[PDB]
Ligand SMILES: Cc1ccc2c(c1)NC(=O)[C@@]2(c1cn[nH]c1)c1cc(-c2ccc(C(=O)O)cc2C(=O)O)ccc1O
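Read the single chain below, which is given as structure tokens and is the form solved without the named molecule.
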């Protein structure tokens, strides 16, 4: 049948919210109050892929926009991009591998590993107003843990 999707927001474990940074980038910043309306709402789709109790393959589309987070090689490195799709063939159950993240639940937090690039994670910087990126370790100064908030 159809693919199943949930609307949600994400915050990093330092409780930074995600906002648009021009058309094809996200950035993370500390937000509260009125400015919370700026945060990106995701449509998280539950897609085809290798699955276990704590590791669930998802696509992170933007709610009612034909824009997906995707993992591609850029200037020879795994990078995070926002990619446009045909709003007539998405969202689907069999999403292409560049769009798939393994949503991993460890110690009441979420990590989003690239299915295409093992051990590369959706990441934020500690500094305010810096891009969301794909980082090649769930260790060090960069932040790889998130919480999800469910949206109506």
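Numbering follows the first chain given and starts at 1. For clarity, a rigid core is taken as the largest C-alpha set superposing within 1.5 Å between two forms.
Taking only CA atoms, the mean B-factor in the PDB entry is higher for 51 to 59 than for the other of 51 to 59 and 121 to 129. In this crystal structure, the stretch out of 142 to 150 and 1 to 9 whose C-alpha atoms carry the higher mean B factor is 1 to 9. Ranking 88, 30, 65, 103 by Cα temperature factor from the entry places 88 first.
Per the PDB record, 108 has a higher Cα B-factor than any other of 114, 45, 108, 84. Ranked by Cα temperature factor within the chain, residue 92 sits in the highest third according to the deposited record. In the deposited entry, the Cα temperature factor of residue 69 places it in the lowest third of its chain's modelled residues. Ranked against the other modelled residues of its chain, the C-alpha B-factor of residue 41 as given in the entry falls in the lowest third.
Just so it is clear, the following notes concern the form deposited with the named molecule bound, a form of the same protein that is not shown.
For the named molecule, fitted onto this chain by superposing the C-alphas round its site in the entry with it bound, the count of atoms within 2.4 Å of backbone or C-beta atoms is 3 or more, giving a blocked pocket. The candidate spot formed by 45, 57 and 115 lies fully in contact with the named molecule in the entry with it bound, as each residue has a heavy atom within 4.5 Å of it. Mapping the unseen interface onto this chain, residue 50 counts among the residues with a heavy atom inside 4.5 Å of the named molecule in the entry with it bound. Proximity of residue 30 to the named molecule in the entry with it bound: non-hydrogen atoms within 4.5 Å are absent; the residue sits far from the partner. Residue contact check for residue 88: none of its heavy atoms lie within 4.5 Å of the named molecule in the entry with it bound.
At the 4.5 Å threshold, heavy atoms of residue 125 stay clear of the named molecule in the entry with it bound, well away from it.
Of the residues listed here (122, 60, 28, 47), only one shifts its CA by 2 angstroms or more between the shown form and the other one after fitting on the rigid core, and it is 47.
In the entry with it bound, the Cα positions of residue 144 and residue 49 lie at least 3 Å farther from each other than in the form displayed.
Legend note: Cα of residue 71 to Cα of residue 47 is at least 3 Å farther in the entry with it bound than in the depicted form.
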